[PDB]
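Coordinate inspection notes
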Amino acid sequence: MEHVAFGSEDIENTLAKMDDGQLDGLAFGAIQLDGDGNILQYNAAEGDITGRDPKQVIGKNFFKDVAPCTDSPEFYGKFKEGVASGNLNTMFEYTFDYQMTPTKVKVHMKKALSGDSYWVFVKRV
Ligand SMILES: *C(=O)/C=C\c1ccc(O)cc1
């Protein structure tokens, strides 16, 4: 495993060193999106939670194609405001329910260290 704790204050510095292989070693779901919501990275733990095959979702739009239940002011809305502002750091509970058994999760979104990428971290609650 990669020892990083969900919600950690410096998580963005830590995850900057990890490759797709490394990211698959996290205790939680990790997704990296560009400013337009396209999926740059998607780790194994997210695949375990949502049932999606990580390889198949990279390159797709998260809010439009892959995860339309997140297309709402309460999820996508916070994302777009953070991208516009160039600053994002929010944590909230949410229910994933698209093509899958409803699953309650904790979501943490944070701007990355590179200029126009953004993390979505997810774990069960
Ligand atoms: C809402 O969109 C439900 C499902 C979902 C599937 C995959 C990922 O990564 C997040 C959310």
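To be clear, the structure that these remarks concern was listed above.
First, a word on scope: everything that follows refers to the structure included in this document.

The rules we used
- Residues numbered from 1 in each chain as written, not as in the entry; some residues may be left out.
- Heavy atoms only, no water.
- Near = heavy atom within 4 Å.
- Polar contact = N/O pair within 3.5 Å; in protein donor to acceptor, adjacent residues only side chain to side chain.
- 1 Å grid on protein atoms, 1.4 Å probe; cavity = no way out; pocket = protein on both sides within 12 Å on 5 of 7 lines; lining within 4 Å.
- Sits in = over half its atoms within 2 Å of the grid points.
- Nonpolar A, V, L, I, M, F, W, Y, C, P; charged D, E, K, R; others polar.
- Salt bridge = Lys/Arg side-chain N within 4 Å of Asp/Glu carboxyl O.
- Helix = DSSP H or I, 4+ residues; strand = E, 2+ residues; numbered from the N terminus.
- Buried < 20%, exposed > 50% of the residue type's maximum accessible area, 1.4 Å probe, protein only.
- Pairing = 2+ DSSP bridges.
- Axes fitted to C-alpha atoms, helices over the stretch in contact; angles between N-to-C directions.

1. So, the site of the ligand
- Around the ligand there are 14 residues in total, and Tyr42, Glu46, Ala67, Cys69 and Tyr98 lie nearest to it.
- Here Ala67 contributes a backbone N or O atom positioned 3.4 Å from an oxygen atom of the ligand.
- Between the ligand and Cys69, the relevant distance is 3.0 Å, taken from an oxygen atom to a main-chain nitrogen or oxygen of the residue.
- Here the ligand occupies the largest cavity.
- Split into classes, the residues belonging to the shell around the ligand amount to 9 nonpolar, 2 polar and 3 charged.

2. Some points on the pattern of salt bridges
- For the structure on display, the rule yields 4 salt bridges.
- The partner of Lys110 in a salt bridge is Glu12, with the nearest N and O atoms 2.5 Å apart. Residue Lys110 is found in strand β4 (residues 103–111), and its partner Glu12 is found in helix α1 (residues 11–14); the two are separated by 98 residues along the sequence. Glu12 matches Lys110 in its accessibility class, with the two residues each being buried.
- With its nearest N and O atoms 3.9 Å apart, the salt bridge here joins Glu81 to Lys80.

3. As for unusual backbone geometry
- Although it is not a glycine, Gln99 sits at a positive phi angle of roughly 60°.
- Checked against the element boundaries, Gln99 lands in the loop between β3 (89–96) and β4.

4. As for the sheet that holds strand β1 (residues 29–34)
- Ordered in space as β2-β1-β5-β4-β3, the 5 strands form an open sheet in which the pairing is antiparallel. Edge positions in the sheet fall to β2 (39–42) and β3, since each of these pairs with one other strand and no more. Between one strand axis and the next, the sheet turns through 20° on average, direction left out of account.
- As defined by bridge partners, β1 adjoins β2 across 3 bridges and the pair is classed as antiparallel. Counted as the bridge partner of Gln32 is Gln41 from β2.

Worth remembering: the numbers are spatial, not functional.
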